[PDB]
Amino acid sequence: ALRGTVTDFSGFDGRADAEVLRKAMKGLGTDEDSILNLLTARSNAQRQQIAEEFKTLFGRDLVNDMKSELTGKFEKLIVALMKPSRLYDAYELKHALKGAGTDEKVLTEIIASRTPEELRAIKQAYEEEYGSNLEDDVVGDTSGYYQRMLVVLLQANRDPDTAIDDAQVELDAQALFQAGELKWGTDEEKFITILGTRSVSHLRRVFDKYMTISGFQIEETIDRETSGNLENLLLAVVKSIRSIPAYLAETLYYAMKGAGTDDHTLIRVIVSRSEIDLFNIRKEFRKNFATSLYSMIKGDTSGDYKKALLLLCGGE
(Lines of atoms letter the chains of each structure in order from A and count residues from 1; the text may use other names and numbers.)
(Lines give C-alpha, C1' and ligand atoms only; values in the text may rest on other atoms or scores of the structure.)
Protein backbone atom coordinates (compact mmCIF):
# COMPACT_ATOMS: atom_id res chain seq x y z
CA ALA A 1 0.00 0.00 0.00
CA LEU A 2 2.21 2.90 1.22
CA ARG A 3 5.21 4.03 -0.47
CA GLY A 4 7.82 6.57 0.24
CA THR A 5 9.77 8.28 -2.54
CA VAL A 6 13.32 7.68 -1.03
CA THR A 7 14.87 4.16 -1.19
CA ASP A 8 18.23 2.65 -0.36
CA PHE A 9 20.83 3.40 -2.88
CA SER A 10 22.04 0.35 -4.66
CA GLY A 11 25.81 0.06 -4.70
CA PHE A 12 26.22 2.37 -1.75
CA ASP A 13 29.75 2.91 -0.60
CA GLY A 14 29.63 4.94 2.63
CA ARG A 15 33.27 5.85 2.45
CA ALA A 16 33.17 7.04 -1.22
CA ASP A 17 30.23 9.33 -0.34
CA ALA A 18 32.00 10.78 2.71
CA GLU A 19 34.90 11.82 0.43
CA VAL A 20 32.52 13.57 -2.00
CA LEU A 21 31.09 15.48 0.85
CA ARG A 22 34.54 16.45 2.30
CA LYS A 23 35.57 17.64 -1.16
CA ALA A 24 32.23 19.55 -1.53
CA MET A 25 33.04 21.41 1.69
CA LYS A 26 36.81 21.62 1.74
CA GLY A 27 38.25 25.09 1.42
CA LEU A 28 36.68 28.25 0.07
CA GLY A 29 33.05 28.12 -0.89
CA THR A 30 30.64 25.22 -0.84
CA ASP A 31 29.35 23.02 -3.59
CA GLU A 32 25.60 22.82 -2.47
CA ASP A 33 24.75 20.91 -5.50
CA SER A 34 26.96 17.80 -4.80
CA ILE A 35 25.64 17.69 -1.20
CA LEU A 36 22.00 18.18 -2.29
CA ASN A 37 22.36 15.65 -4.96
CA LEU A 38 24.13 13.03 -3.00
CA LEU A 39 21.97 13.32 0.11
CA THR A 40 18.48 13.37 -1.53
CA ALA A 41 19.49 10.08 -3.25
CA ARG A 42 20.52 8.04 -0.07
CA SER A 43 18.12 6.71 2.49
CA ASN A 44 18.20 8.08 6.02
CA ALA A 45 19.97 4.91 7.20
CA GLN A 46 22.59 5.38 4.48
CA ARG A 47 23.02 9.07 5.57
CA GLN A 48 23.89 7.75 9.06
CA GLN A 49 26.51 5.36 7.67
CA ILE A 50 27.95 8.26 5.56
CA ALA A 51 28.06 10.42 8.71
CA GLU A 52 29.96 7.58 10.44
CA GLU A 53 32.48 7.15 7.61
CA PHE A 54 33.12 10.90 7.51
CA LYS A 55 33.93 10.83 11.10
CA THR A 56 36.26 7.86 10.96
CA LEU A 57 38.10 9.32 7.88
CA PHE A 58 38.33 12.99 8.92
CA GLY A 59 37.66 13.18 12.61
CA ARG A 60 35.07 15.74 11.72
CA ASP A 61 31.32 15.84 12.40
CA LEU A 62 29.31 15.91 9.09
CA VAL A 63 26.30 17.87 10.32
CA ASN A 64 28.31 20.43 12.19
CA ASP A 65 30.42 21.06 9.17
CA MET A 66 27.32 21.34 7.01
CA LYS A 67 25.68 23.89 9.23
CA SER A 68 28.85 26.06 9.28
CA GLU A 69 28.86 25.77 5.45
CA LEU A 70 25.10 26.14 4.59
CA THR A 71 22.58 28.81 5.59
CA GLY A 72 18.77 29.44 5.77
CA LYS A 73 16.18 27.02 4.50
CA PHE A 74 18.46 24.64 2.66
CA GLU A 75 20.55 24.31 5.88
CA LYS A 76 17.32 23.49 7.83
CA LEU A 77 16.30 20.95 5.13
CA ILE A 78 19.75 19.09 5.01
CA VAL A 79 19.90 19.07 8.79
CA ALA A 80 16.30 17.58 9.00
CA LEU A 81 17.41 15.11 6.32
CA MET A 82 20.39 14.09 8.47
CA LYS A 83 18.22 13.58 11.63
CA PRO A 84 17.91 9.74 12.37
CA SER A 85 14.27 8.66 11.39
CA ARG A 86 13.49 7.23 14.82
CA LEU A 87 14.48 10.59 16.34
CA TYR A 88 13.03 13.16 13.91
CA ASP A 89 9.41 13.32 15.17
CA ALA A 90 10.65 13.33 18.79
CA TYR A 91 12.86 16.21 17.89
CA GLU A 92 10.15 18.23 16.23
CA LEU A 93 7.79 17.70 19.15
CA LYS A 94 10.52 18.70 21.67
CA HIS A 95 11.15 21.76 19.57
CA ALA A 96 7.35 22.58 19.39
CA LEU A 97 7.06 22.23 23.12
CA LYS A 98 9.94 24.40 24.02
CA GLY A 99 10.78 27.40 25.95
CA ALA A 100 7.63 29.43 26.71
CA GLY A 101 6.56 28.42 23.19
CA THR A 102 4.38 25.56 22.57
CA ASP A 103 3.36 25.28 18.89
CA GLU A 104 0.09 23.44 18.73
CA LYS A 105 0.19 23.23 14.96
CA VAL A 106 3.08 20.67 15.17
CA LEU A 107 1.82 18.77 18.23
CA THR A 108 -1.63 18.37 16.68
CA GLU A 109 -0.07 17.39 13.31
CA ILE A 110 2.26 14.72 14.60
CA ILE A 111 0.24 13.22 17.36
CA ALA A 112 -3.02 13.11 15.26
CA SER A 113 -1.32 11.50 12.24
CA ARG A 114 1.05 8.90 13.76
CA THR A 115 -0.16 5.33 14.38
CA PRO A 116 -0.03 3.76 17.91
CA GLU A 117 3.11 1.83 16.94
CA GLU A 118 4.74 5.17 15.91
CA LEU A 119 3.68 7.04 19.01
CA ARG A 120 5.22 4.25 21.10
CA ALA A 121 8.49 4.42 19.13
CA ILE A 122 8.39 8.30 19.46
CA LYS A 123 7.76 8.20 23.25
CA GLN A 124 10.69 5.87 23.78
CA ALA A 125 13.02 7.93 21.47
CA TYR A 126 12.00 11.24 23.21
CA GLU A 127 12.72 10.23 26.85
CA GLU A 128 15.91 8.46 25.79
CA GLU A 129 17.12 11.61 24.00
CA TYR A 130 15.77 14.47 26.00
CA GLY A 131 15.65 13.06 29.58
CA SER A 132 12.06 14.16 30.07
CA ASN A 133 8.87 12.25 29.60
CA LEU A 134 6.78 13.31 26.46
CA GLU A 135 3.40 13.09 28.12
CA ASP A 136 4.55 15.17 31.00
CA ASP A 137 5.93 17.78 28.62
CA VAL A 138 2.63 18.00 26.67
CA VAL A 139 0.49 18.19 29.81
CA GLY A 140 2.78 20.86 31.19
CA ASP A 141 2.39 23.00 28.12
CA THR A 142 -1.23 22.35 27.17
CA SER A 143 -4.70 22.83 28.79
CA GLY A 144 -8.36 21.78 28.54
CA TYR A 145 -9.89 19.19 26.40
CA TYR A 146 -7.10 19.78 23.90
CA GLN A 147 -4.60 18.59 26.50
CA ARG A 148 -6.79 15.60 27.31
CA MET A 149 -7.29 14.52 23.72
CA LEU A 150 -3.49 14.62 23.20
CA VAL A 151 -2.94 12.38 26.35
CA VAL A 152 -5.54 9.87 25.14
CA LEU A 153 -3.72 9.68 21.82
CA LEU A 154 -0.35 9.59 23.56
CA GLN A 155 -1.49 6.37 25.30
CA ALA A 156 -1.17 4.71 21.81
CA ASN A 157 -4.07 2.60 22.99
CA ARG A 158 -6.54 2.71 20.10
CA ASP A 159 -8.61 -0.49 19.82
CA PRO A 160 -7.55 -3.13 17.28
CA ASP A 161 -9.42 -3.57 13.97
CA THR A 162 -11.43 -6.73 14.43
CA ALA A 163 -14.70 -7.34 12.61
CA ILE A 164 -17.28 -4.69 12.65
CA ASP A 165 -20.16 -4.91 14.94
CA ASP A 166 -23.00 -2.95 13.41
CA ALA A 167 -24.85 -2.42 16.67
CA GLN A 168 -21.73 -0.78 18.07
CA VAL A 169 -21.46 1.34 14.93
CA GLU A 170 -25.07 2.50 15.53
CA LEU A 171 -24.46 3.01 19.26
CA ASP A 172 -21.42 5.27 18.64
CA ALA A 173 -22.98 7.41 15.78
CA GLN A 174 -26.05 8.02 17.99
CA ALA A 175 -23.86 8.92 21.01
CA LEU A 176 -21.96 11.52 18.98
CA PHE A 177 -25.23 12.89 17.71
CA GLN A 178 -26.58 13.22 21.34
CA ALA A 179 -23.14 14.61 22.54
CA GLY A 180 -23.01 17.48 20.09
CA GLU A 181 -25.96 18.50 17.84
CA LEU A 182 -28.78 17.30 20.20
CA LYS A 183 -26.92 18.78 23.15
CA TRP A 184 -27.16 22.42 24.48
CA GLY A 185 -23.42 22.79 24.67
CA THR A 186 -21.15 19.83 23.89
CA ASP A 187 -20.09 16.67 25.66
CA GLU A 188 -16.39 16.81 24.64
CA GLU A 189 -15.60 13.90 26.93
CA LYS A 190 -17.70 11.66 24.64
CA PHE A 191 -16.01 12.87 21.46
CA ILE A 192 -12.48 12.35 22.93
CA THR A 193 -13.30 8.82 24.10
CA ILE A 194 -14.94 7.58 20.91
CA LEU A 195 -12.61 9.43 18.54
CA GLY A 196 -9.55 8.74 20.70
CA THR A 197 -9.96 4.91 21.30
CA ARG A 198 -12.10 3.15 18.83
CA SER A 199 -10.40 1.28 16.05
CA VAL A 200 -9.89 2.96 12.70
CA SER A 201 -12.10 0.77 10.65
CA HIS A 202 -14.96 1.01 13.17
CA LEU A 203 -14.64 4.81 13.09
CA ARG A 204 -14.82 4.81 9.27
CA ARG A 205 -18.16 3.09 9.59
CA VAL A 206 -19.31 5.46 12.41
CA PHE A 207 -18.55 8.57 10.40
CA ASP A 208 -20.75 7.33 7.47
CA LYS A 209 -23.51 6.16 9.85
CA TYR A 210 -23.27 9.55 11.56
CA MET A 211 -23.80 11.19 8.11
CA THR A 212 -26.91 8.93 7.56
CA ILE A 213 -28.53 9.78 10.92
CA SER A 214 -27.71 13.46 11.09
CA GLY A 215 -27.34 14.74 7.59
CA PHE A 216 -23.92 16.17 8.62
CA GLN A 217 -20.44 14.90 8.12
CA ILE A 218 -18.66 14.66 11.46
CA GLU A 219 -16.27 17.50 10.41
CA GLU A 220 -19.15 19.82 10.04
CA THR A 221 -20.46 18.95 13.48
CA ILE A 222 -16.94 19.37 14.94
CA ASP A 223 -16.77 22.70 13.37
CA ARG A 224 -20.24 23.73 14.69
CA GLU A 225 -19.58 22.39 18.19
CA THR A 226 -16.01 23.23 19.07
CA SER A 227 -13.58 26.12 18.71
CA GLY A 228 -9.81 26.56 18.71
CA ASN A 229 -7.18 23.93 19.25
CA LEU A 230 -9.62 21.26 20.16
CA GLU A 231 -11.53 21.89 16.92
CA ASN A 232 -8.22 21.71 15.11
CA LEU A 233 -7.15 18.54 16.81
CA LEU A 234 -10.47 16.65 16.31
CA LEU A 235 -10.48 17.59 12.65
CA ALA A 236 -6.96 16.36 12.33
CA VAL A 237 -7.82 13.07 14.03
CA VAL A 238 -10.92 12.52 11.85
CA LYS A 239 -8.97 13.31 8.67
CA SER A 240 -6.23 10.96 9.70
CA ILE A 241 -8.72 8.20 10.43
CA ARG A 242 -10.14 8.49 6.94
CA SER A 243 -6.63 8.84 5.34
CA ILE A 244 -3.24 9.90 6.88
CA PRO A 245 -1.92 10.53 3.24
CA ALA A 246 -4.88 12.73 2.44
CA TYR A 247 -4.60 14.60 5.75
CA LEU A 248 -0.88 15.28 5.25
CA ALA A 249 -1.44 16.27 1.57
CA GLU A 250 -3.84 18.96 2.77
CA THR A 251 -1.38 20.00 5.53
CA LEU A 252 1.10 20.50 2.69
CA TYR A 253 -1.30 22.30 0.36
CA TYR A 254 -2.15 24.80 3.06
CA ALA A 255 1.47 25.44 4.07
CA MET A 256 2.38 26.75 0.71
CA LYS A 257 -1.04 28.04 -0.38
CA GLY A 258 -1.41 30.85 2.33
CA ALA A 259 0.64 33.63 0.51
CA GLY A 260 4.13 32.86 2.04
CA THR A 261 5.33 29.29 2.54
CA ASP A 262 5.33 27.51 5.86
CA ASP A 263 8.81 26.20 5.22
CA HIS A 264 8.77 24.53 8.65
CA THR A 265 5.77 22.41 7.67
CA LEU A 266 7.03 21.79 4.16
CA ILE A 267 10.37 20.51 5.33
CA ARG A 268 8.73 18.58 8.24
CA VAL A 269 6.16 16.64 6.19
CA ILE A 270 8.40 16.02 3.15
CA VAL A 271 11.32 14.79 5.30
CA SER A 272 9.09 12.77 7.81
CA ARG A 273 7.17 10.92 5.16
CA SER A 274 9.81 10.47 2.49
CA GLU A 275 10.30 6.83 3.32
CA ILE A 276 6.85 6.05 4.55
CA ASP A 277 4.05 7.23 2.27
CA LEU A 278 5.09 10.39 0.47
CA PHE A 279 4.31 8.70 -2.82
CA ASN A 280 0.71 8.15 -1.67
CA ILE A 281 0.62 11.66 -0.20
CA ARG A 282 1.54 13.06 -3.75
CA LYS A 283 -1.39 10.86 -5.10
CA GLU A 284 -3.88 12.43 -2.65
CA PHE A 285 -2.47 15.78 -3.48
CA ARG A 286 -3.03 15.42 -7.28
CA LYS A 287 -6.52 14.09 -6.63
CA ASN A 288 -7.72 16.89 -4.37
CA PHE A 289 -6.03 20.12 -5.45
CA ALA A 290 -5.61 19.27 -9.13
CA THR A 291 -1.89 20.21 -9.10
CA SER A 292 1.08 17.98 -8.73
CA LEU A 293 2.94 18.56 -5.43
CA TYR A 294 6.07 19.03 -7.49
CA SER A 295 4.60 21.93 -9.42
CA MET A 296 3.33 23.58 -6.30
CA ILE A 297 6.71 23.22 -4.54
CA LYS A 298 8.63 24.33 -7.71
CA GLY A 299 6.68 27.61 -7.70
CA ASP A 300 6.55 28.42 -3.93
CA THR A 301 10.27 27.86 -3.21
CA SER A 302 13.73 28.52 -4.71
CA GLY A 303 17.38 27.74 -4.91
CA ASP A 304 19.08 24.73 -3.60
CA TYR A 305 16.15 24.38 -1.12
CA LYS A 306 13.77 24.14 -4.09
CA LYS A 307 16.14 21.71 -5.96
CA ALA A 308 16.56 19.36 -3.01
CA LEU A 309 12.82 19.51 -2.25
CA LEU A 310 11.88 18.60 -5.76
CA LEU A 311 14.41 15.72 -5.86
CA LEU A 312 12.88 14.44 -2.64
CA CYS A 313 9.22 14.66 -3.99
CA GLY A 314 9.80 13.42 -7.46
CA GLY A 315 6.92 13.18 -9.81
CA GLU A 316 6.24 14.64 -13.24
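In case it trips you up, residue 1 is the first one in the sequence shown, and so on.
* Asked: Between 285-293 and 270-278, which has the larger average Cα B-factor in the PDB entry?
  -> Result of the comparison: 285-293.
* To do: Return whichever of 23-31 and 48-56 has the greater mean Cα B factor according to the PDB record.
  => Per the deposited B-factors, the answer is 23-31.
* Would you mind checking which of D208, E170, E128, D89 has the top Cα temperature factor in the PDB entry? => Largest recorded C-alpha B-factor: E128.
* According to the deposited entry, which of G72, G185, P116, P245 has the largest Cα B-factor? -> Out of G72, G185, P116, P245, the record gives the largest C-alpha B-factor to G72.
* Taking the chain's C-alpha temperature factors as the reference, tell me which third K123 falls into: lowest, middle or highest. => Middle third by C-alpha B-factor.
* Among modelled residues of the same chain, the CA temperature factor third for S240 -> Answer is lowest: the recorded C-alpha B-factor places it there.
* Asked: For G101, does the deposited CA B-factor place it in the lowest, middle or highest third of the chain?
  -> Highest third - that is where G101 ends up once the chain's C-alpha B-factors are sorted.
* **CA B-factor ranking of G196, expressed as a third of its chain** => As the PDB entry reports it, the C-alpha B-factor of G196 lands in the lowest third of its chain.
* Please rank the C-alpha B-factors of the chain's modelled residues and tell me whether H95 sits in the lowest, middle or highest third. => Ranked within chain, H95 CA B lands in the highest tercile.
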